[PDB]
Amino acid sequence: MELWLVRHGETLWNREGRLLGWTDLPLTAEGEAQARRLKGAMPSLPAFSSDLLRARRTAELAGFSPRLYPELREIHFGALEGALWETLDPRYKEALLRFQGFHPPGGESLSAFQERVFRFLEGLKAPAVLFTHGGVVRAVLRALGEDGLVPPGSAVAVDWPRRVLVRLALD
């Protein structure tokens, strides 16, 4: 199934290097500029978006009127919400870097996050554009055997659950 996944534009915590999960921050001016650059680049397919502000604002500026689904949210970092990556305990750093065995206190495990994301993708019955988050794009790319790191405001298209089709980035 052809799916286009968009990583929302940047927020302040992107430049500050803080873990941003369910904390509802707004896009920065540059984040909005990144979102506007997506208009016309994405295919005119049905759109779905995480209900968090930064994601559906990206969808709006990109020219879409998506239906909101919390299932497309970034992973819930629990007690780690807002933590500076720099000072994160090595065990959490390793868990996130290797994308495995992540169990944040008061939050979502990577296993629960993956189940949530993949279950949502399984329910899609036609090609669609998904406005989401870095962790979600990473989960999909890594499940397809590729590094899931894509710039804020960029997109990737995949043939789920078989392969990556294209990684798109604009300046």
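Sequential numbering from 1, following the sequence displayed.
Judged by mean Cα B factor in the deposited record, 26 to 34 ranks above the other of 26 to 34 and 66 to 74. Stretches 102 to 110 and 126 to 134 differ in mean C-alpha B factor, with the higher average recorded for 102 to 110. Based on the entry's C-alpha B-factors, the most elevated value among 164, 170, 3, 6 belongs to 170. Residue 44: CA B factor lies in the highest third for its chain, per the PDB record. When all modelled residues of the chain are sorted by CA temperature factor, residue 157 is found within the lowest third.
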